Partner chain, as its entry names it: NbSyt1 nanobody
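Let's start with one chain on its own, the form solved without the partner chain, as structure tokens.
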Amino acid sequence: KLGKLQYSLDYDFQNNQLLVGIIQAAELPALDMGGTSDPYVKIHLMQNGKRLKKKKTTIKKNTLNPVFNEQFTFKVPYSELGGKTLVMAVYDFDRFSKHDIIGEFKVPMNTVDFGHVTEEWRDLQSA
């Protein structure tokens, strides 16, 4: 009902940094009588529950299926990746009002083998 987001996870062993790719979103909700939204994505890195770092994509105006193909880096020692959780939230930009959250999801990293590039779609959940 709230759309879905395709992302990738990788680790740059040449720079010791987690690589998070925001590829695209699909099937985002509109708000009226054939409207659109202005989506962007915010990414949070957490240690247990403690927020540490954050990133934001550019804004794709007037679309329900934005294609970002944007990459973000977090300096984290490989040893310390497992304690982390990623939060990815899709927001609707507005010029004058609050930017409402369309939806979000969380990705614990303790189950992830970073010898691989992980790529998946995840359905957005209400915040």
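Residue numbers count along the first chain shown, from 1. Rigid core (definition): largest C-alpha set, two forms, superposition within 1.5 Å.
From this point on, the text means the form deposited with the partner chain bound, which you will not see here.
Trainee: Is the partner chain close enough to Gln14, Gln17 and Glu70 in the deposited bound form that each of the three has a heavy atom within 4.5 Å of it?
Mentor: Answer is yes for this spot.
Trainee: Can any non-hydrogen atom of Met109 be found within 4.5 angstroms of the partner chain in the deposited bound form?
Mentor: Although the partner chain is absent here, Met109 would stay clear of it in the deposited bound form, with no heavy atoms inside 4.5 Å.
Trainee: Partner absent here, but in the deposited bound form, which of 98 to 106, 70 to 78, 25 to 33, 85 to 93 has residues with a heavy atom within 4.5 Å of the partner chain?
Mentor: The contacting stretch here is 70 to 78.
Trainee: Is there a C-alpha shift of 2 Å or more at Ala26 between the shown form and the other one once the rigid core is superposed?
Mentor: Comparing the forms between the shown form and the other one, which are aligned on their rigid core, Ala26 does not shift its C-alpha by 2 Å or more.
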